[PDB]
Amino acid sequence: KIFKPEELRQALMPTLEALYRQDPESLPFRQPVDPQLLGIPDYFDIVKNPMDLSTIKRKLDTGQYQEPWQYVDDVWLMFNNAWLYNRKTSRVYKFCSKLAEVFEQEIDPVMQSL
């Protein structure tokens, strides 16, 4: 079952754009995590596979998803990392939860049509 990269990009990009459109909630997820800059030096001790919106976008732009479930899994990896690393009072944790609510609504019909 083949998916062309340009085909995946057409179907999935709007679902990623939906996440970028969320303010304030997408701001902490827009760039790769830099632990030293952010003052979280144990981040890579805890989060073994960091993921962020810019990376997911670069993967779509450069044809690095073979099939669309891998994209969904990257988005969820980004959420799961934030729910693992942060406490429940943190903005980052609560913002993650909002992004996951938005993503589910967008991704559902797109995955059904694929």
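In this text, the rigid core denotes the largest set of C-alpha atoms whose superposition between the two forms falls within 1.5 Å. The first residue of the sequence shown is number 1, and the count goes up from there.
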| query | finding |
| --- | --- |
| Larger mean CA deviation from the shown form in 7 other deposited structures of this protein [core fit; 35-43 vs 68-76] | 35-43 |
| Residue range whose averaged C-alpha B-factor is higher in the record, 75-83 or 33-41 | 33-41 |
| Stretch exceeding the other in mean C-alpha B-factor - 93-101, 5-13 | 5-13 |
| Largest Cα B-factor, entry values, listed residues 49, 26, 64, 54 | 64 |
